[PDB]
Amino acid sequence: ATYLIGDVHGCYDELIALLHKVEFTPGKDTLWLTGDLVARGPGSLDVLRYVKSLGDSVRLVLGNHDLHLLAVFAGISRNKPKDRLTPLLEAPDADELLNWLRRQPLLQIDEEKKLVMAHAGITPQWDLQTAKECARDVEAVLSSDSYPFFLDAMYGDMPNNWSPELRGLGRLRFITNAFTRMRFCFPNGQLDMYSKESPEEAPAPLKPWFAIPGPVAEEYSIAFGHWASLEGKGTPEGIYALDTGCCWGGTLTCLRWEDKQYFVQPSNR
(Lines of atoms letter the chains of each structure in order from A and count residues from 1; the text may use other names and numbers.)
(Lines give C-alpha, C1' and ligand atoms only; values in the text may rest on other atoms or scores of the structure.)
Protein backbone atom coordinates (compact mmCIF):
# COMPACT_ATOMS: atom_id res chain seq x y z
CA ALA A 1 0.00 0.00 0.00
CA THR A 2 0.98 3.65 -0.49
CA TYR A 3 0.63 6.07 2.42
CA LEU A 4 1.07 9.86 2.27
CA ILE A 5 1.56 11.82 5.49
CA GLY A 6 1.71 15.60 5.94
CA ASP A 7 4.08 17.76 7.95
CA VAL A 8 5.44 15.88 10.97
CA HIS A 9 7.25 18.81 12.67
CA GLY A 10 8.99 16.69 15.26
CA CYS A 11 5.80 14.87 16.28
CA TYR A 12 7.47 11.47 16.48
CA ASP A 13 4.93 9.84 18.81
CA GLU A 14 2.01 10.82 16.57
CA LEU A 15 3.83 9.64 13.45
CA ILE A 16 4.50 6.20 14.92
CA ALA A 17 0.96 5.92 16.30
CA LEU A 18 -0.50 6.75 12.88
CA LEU A 19 1.79 4.28 11.10
CA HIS A 20 0.78 1.59 13.60
CA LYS A 21 -2.89 2.42 12.91
CA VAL A 22 -2.44 1.54 9.21
CA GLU A 23 -0.02 -1.33 9.99
CA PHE A 24 2.66 0.27 7.82
CA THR A 25 5.07 -2.49 6.81
CA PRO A 26 8.29 -1.60 4.95
CA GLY A 27 8.72 -4.00 2.05
CA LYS A 28 4.96 -4.22 1.53
CA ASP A 29 4.18 -0.50 1.81
CA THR A 30 5.75 2.81 0.79
CA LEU A 31 5.44 6.05 2.77
CA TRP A 32 5.46 9.51 1.17
CA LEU A 33 6.22 12.49 3.44
CA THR A 34 5.51 16.13 2.53
CA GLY A 35 8.54 17.48 4.41
CA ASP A 36 8.90 19.76 7.40
CA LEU A 37 9.98 16.71 9.36
CA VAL A 38 11.54 18.88 12.03
CA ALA A 39 10.96 21.89 14.31
CA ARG A 40 8.31 22.91 16.86
CA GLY A 41 7.44 19.40 18.03
CA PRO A 42 9.70 17.76 20.60
CA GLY A 43 11.08 14.81 18.64
CA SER A 44 12.91 16.07 15.55
CA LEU A 45 15.89 13.84 16.37
CA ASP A 46 13.80 10.67 16.54
CA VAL A 47 11.85 11.62 13.39
CA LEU A 48 15.02 12.05 11.33
CA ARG A 49 16.57 8.83 12.67
CA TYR A 50 13.43 6.85 11.82
CA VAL A 51 12.77 8.36 8.38
CA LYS A 52 16.40 7.86 7.35
CA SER A 53 16.18 4.22 8.49
CA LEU A 54 13.29 3.59 6.05
CA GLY A 55 15.53 3.84 2.95
CA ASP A 56 13.64 2.93 -0.24
CA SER A 57 10.42 2.53 1.76
CA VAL A 58 10.08 6.31 2.11
CA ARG A 59 9.79 9.05 -0.54
CA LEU A 60 10.53 12.42 1.13
CA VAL A 61 10.46 15.97 -0.17
CA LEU A 62 12.25 18.77 1.69
CA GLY A 63 10.25 21.59 3.28
CA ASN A 64 11.14 25.09 4.42
CA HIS A 65 11.84 24.02 8.02
CA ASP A 66 14.10 21.20 6.81
CA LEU A 67 16.11 23.76 4.83
CA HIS A 68 16.20 26.13 7.80
CA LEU A 69 17.59 23.30 9.95
CA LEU A 70 20.34 22.73 7.39
CA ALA A 71 21.10 26.47 7.45
CA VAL A 72 21.40 26.43 11.25
CA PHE A 73 23.62 23.34 11.15
CA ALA A 74 25.88 25.03 8.57
CA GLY A 75 26.22 28.23 10.64
CA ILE A 76 24.28 30.27 8.07
CA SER A 77 21.22 31.03 10.22
CA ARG A 78 20.51 31.54 13.90
CA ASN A 79 18.78 28.87 15.96
CA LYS A 80 15.33 29.96 17.20
CA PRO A 81 14.50 28.53 20.64
CA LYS A 82 10.89 27.79 19.67
CA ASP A 83 12.06 25.36 16.97
CA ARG A 84 13.39 22.91 19.61
CA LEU A 85 16.26 21.77 17.34
CA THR A 86 19.03 21.63 19.95
CA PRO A 87 18.78 17.87 20.76
CA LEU A 88 19.13 17.09 17.06
CA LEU A 89 21.93 19.63 16.50
CA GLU A 90 23.86 18.24 19.49
CA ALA A 91 23.33 14.57 18.69
CA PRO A 92 26.46 12.49 18.02
CA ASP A 93 24.96 11.42 14.69
CA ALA A 94 23.92 14.96 13.65
CA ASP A 95 26.38 15.02 10.74
CA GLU A 96 25.16 11.64 9.44
CA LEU A 97 21.48 12.63 9.70
CA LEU A 98 21.86 16.10 8.19
CA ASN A 99 24.17 15.02 5.36
CA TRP A 100 21.46 12.48 4.51
CA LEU A 101 18.71 15.11 4.76
CA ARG A 102 20.36 17.56 2.38
CA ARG A 103 20.55 14.80 -0.29
CA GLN A 104 16.79 14.26 -0.37
CA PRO A 105 14.56 15.47 -3.22
CA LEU A 106 12.44 18.58 -3.57
CA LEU A 107 10.02 16.77 -5.90
CA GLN A 108 8.65 13.19 -6.10
CA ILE A 109 6.89 11.85 -9.21
CA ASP A 110 5.19 8.46 -9.70
CA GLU A 111 4.07 8.06 -13.31
CA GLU A 112 1.99 4.92 -12.72
CA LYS A 113 -0.01 6.70 -10.02
CA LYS A 114 0.05 9.99 -11.99
CA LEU A 115 1.07 11.52 -8.67
CA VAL A 116 3.37 14.47 -7.91
CA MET A 117 4.53 15.62 -4.46
CA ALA A 118 6.32 18.75 -3.33
CA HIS A 119 6.29 20.55 0.00
CA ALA A 120 4.24 23.59 -1.05
CA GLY A 121 2.81 22.28 -4.33
CA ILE A 122 3.58 23.06 -7.99
CA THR A 123 3.36 26.66 -9.12
CA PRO A 124 0.94 27.06 -12.06
CA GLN A 125 3.81 28.80 -13.90
CA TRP A 126 5.63 25.45 -14.24
CA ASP A 127 5.04 22.54 -16.56
CA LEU A 128 6.37 19.16 -15.47
CA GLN A 129 9.66 19.34 -17.39
CA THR A 130 10.45 22.72 -15.83
CA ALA A 131 9.57 21.52 -12.34
CA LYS A 132 11.87 18.53 -12.84
CA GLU A 133 14.72 20.69 -14.12
CA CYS A 134 14.39 23.16 -11.24
CA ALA A 135 14.24 20.41 -8.63
CA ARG A 136 17.37 18.87 -10.14
CA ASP A 137 19.21 22.20 -10.02
CA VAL A 138 18.49 22.92 -6.37
CA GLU A 139 19.04 19.30 -5.31
CA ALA A 140 22.44 19.56 -6.99
CA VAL A 141 23.47 22.58 -4.93
CA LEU A 142 22.13 21.05 -1.70
CA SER A 143 24.01 17.76 -2.19
CA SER A 144 27.28 19.48 -3.09
CA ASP A 145 30.20 20.28 -0.80
CA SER A 146 29.35 23.96 -1.30
CA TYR A 147 25.80 23.75 0.06
CA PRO A 148 26.31 26.43 2.82
CA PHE A 149 26.76 29.05 0.08
CA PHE A 150 23.42 28.11 -1.50
CA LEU A 151 21.64 28.00 1.85
CA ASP A 152 22.80 31.56 2.44
CA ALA A 153 21.72 32.61 -1.05
CA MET A 154 18.28 31.00 -0.73
CA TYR A 155 16.85 33.60 1.66
CA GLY A 156 14.81 36.28 -0.10
CA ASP A 157 11.34 37.05 -1.40
CA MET A 158 12.22 38.08 -5.01
CA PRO A 159 11.93 37.39 -7.85
CA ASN A 160 8.36 36.12 -7.53
CA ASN A 161 7.62 35.59 -11.24
CA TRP A 162 8.99 32.62 -13.19
CA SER A 163 10.81 33.04 -16.49
CA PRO A 164 13.06 30.56 -18.33
CA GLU A 165 15.39 33.57 -18.70
CA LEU A 166 15.95 33.80 -14.93
CA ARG A 167 19.59 33.27 -14.04
CA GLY A 168 21.77 33.01 -10.99
CA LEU A 169 20.72 33.85 -7.45
CA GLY A 170 17.25 34.98 -8.48
CA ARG A 171 16.59 31.70 -10.30
CA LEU A 172 17.59 29.60 -7.28
CA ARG A 173 15.63 31.82 -4.88
CA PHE A 174 12.47 31.56 -6.97
CA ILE A 175 12.81 27.78 -7.24
CA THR A 176 13.23 27.44 -3.47
CA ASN A 177 10.27 29.68 -2.74
CA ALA A 178 7.99 27.90 -5.24
CA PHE A 179 8.76 24.44 -3.88
CA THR A 180 8.88 25.24 -0.15
CA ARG A 181 7.08 28.53 0.70
CA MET A 182 4.29 29.09 -1.87
CA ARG A 183 0.68 29.51 -0.76
CA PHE A 184 -1.01 32.38 -2.61
CA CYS A 185 -0.65 33.56 -6.21
CA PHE A 186 -1.66 36.67 -8.08
CA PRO A 187 -3.97 36.06 -11.07
CA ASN A 188 -0.96 35.80 -13.40
CA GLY A 189 0.62 33.08 -11.23
CA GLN A 190 3.18 35.32 -9.49
CA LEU A 191 4.00 34.26 -5.93
CA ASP A 192 2.89 36.22 -2.88
CA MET A 193 5.43 35.66 -0.10
CA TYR A 194 3.58 37.39 2.75
CA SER A 195 0.06 36.00 3.23
CA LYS A 196 -0.17 32.82 5.32
CA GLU A 197 -3.94 32.95 5.97
CA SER A 198 -6.69 30.59 4.94
CA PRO A 199 -8.06 31.26 1.44
CA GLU A 200 -11.25 32.81 2.85
CA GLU A 201 -9.19 35.31 4.88
CA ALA A 202 -6.73 36.41 2.20
CA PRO A 203 -6.84 39.88 0.62
CA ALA A 204 -7.93 40.14 -2.99
CA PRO A 205 -6.80 39.44 -5.63
CA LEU A 206 -4.84 36.61 -3.97
CA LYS A 207 -5.94 33.05 -4.75
CA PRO A 208 -4.45 29.69 -3.76
CA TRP A 209 -1.85 28.40 -6.19
CA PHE A 210 -4.09 25.39 -6.83
CA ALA A 211 -7.02 27.62 -7.85
CA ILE A 212 -5.09 28.72 -10.96
CA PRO A 213 -5.11 26.04 -13.69
CA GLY A 214 -1.60 24.83 -14.35
CA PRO A 215 -0.27 22.21 -16.75
CA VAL A 216 0.97 19.85 -14.04
CA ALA A 217 -2.30 19.88 -12.12
CA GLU A 218 -4.22 19.21 -15.34
CA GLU A 219 -2.43 15.87 -15.84
CA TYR A 220 -1.28 14.78 -12.36
CA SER A 221 -2.64 14.59 -8.86
CA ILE A 222 -0.61 16.81 -6.51
CA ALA A 223 0.00 16.05 -2.84
CA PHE A 224 1.56 18.71 -0.64
CA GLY A 225 1.91 19.87 2.95
CA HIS A 226 3.12 23.24 4.29
CA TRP A 227 -0.10 25.26 4.34
CA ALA A 228 -1.46 24.55 7.80
CA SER A 229 -4.08 27.33 7.82
CA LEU A 230 -5.72 25.51 4.91
CA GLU A 231 -6.54 22.75 7.43
CA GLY A 232 -6.42 20.21 4.60
CA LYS A 233 -9.74 21.55 3.28
CA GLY A 234 -11.01 23.49 0.30
CA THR A 235 -9.03 21.92 -2.52
CA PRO A 236 -10.17 20.87 -6.00
CA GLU A 237 -10.35 17.28 -7.17
CA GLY A 238 -6.85 15.93 -7.64
CA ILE A 239 -5.26 18.26 -5.06
CA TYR A 240 -4.38 16.76 -1.66
CA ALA A 241 -3.49 19.19 1.14
CA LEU A 242 -2.10 16.88 3.80
CA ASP A 243 -0.84 19.36 6.45
CA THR A 244 -3.51 19.40 9.17
CA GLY A 245 -1.28 21.08 11.77
CA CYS A 246 -0.20 18.29 14.11
CA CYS A 247 2.50 20.39 15.80
CA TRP A 248 -0.08 23.18 16.30
CA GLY A 249 -2.48 21.00 18.28
CA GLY A 250 -4.28 19.87 15.14
CA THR A 251 -3.91 16.38 13.69
CA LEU A 252 -1.51 14.26 11.69
CA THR A 253 -3.18 13.04 8.48
CA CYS A 254 -2.37 9.92 6.46
CA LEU A 255 -3.91 9.21 3.05
CA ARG A 256 -3.83 5.71 1.58
CA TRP A 257 -3.53 6.13 -2.18
CA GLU A 258 -5.16 2.94 -3.42
CA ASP A 259 -8.59 3.73 -1.93
CA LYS A 260 -8.12 7.42 -1.03
CA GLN A 261 -8.87 6.49 2.56
CA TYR A 262 -7.90 8.94 5.32
CA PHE A 263 -6.52 8.02 8.76
CA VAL A 264 -6.02 10.69 11.42
CA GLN A 265 -3.93 10.85 14.60
CA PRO A 266 -4.85 13.53 17.15
CA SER A 267 -2.12 15.80 18.44
CA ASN A 268 -0.82 14.93 21.90
CA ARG A 269 -0.07 18.63 22.60
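Start at 1 with the first residue shown and count on from there.
For the pair 76 to 84 and 103 to 111, the record assigns the higher mean C-alpha temperature factor to 76 to 84. Set 63 to 71 against 202 to 210 and average the Cα temperature factors; 202 to 210 ends up higher.
Looking only at 226, 40, 28, 49, the residue with the top Cα B factor in the deposited structure is 28.
Per the PDB record, 154 has a higher Cα B-factor than any other of 118, 134, 178, 154. When the CA B factors of the chain's modelled residues are split into thirds, the value for residue 268 lands in the highest one. Among the modelled residues of its chain, residue 217 has a C-alpha B-factor that falls in the highest third, as given in the PDB entry.
Per-chain ranking of the deposited C-alpha B factor places residue 11 in the middle third.
When the modelled residues of the chain are ordered by their C-alpha B factor, residue 230 lands in the highest third. For residue 22, the recorded CA temperature factor ranks within the middle third of the chain's modelled residues.
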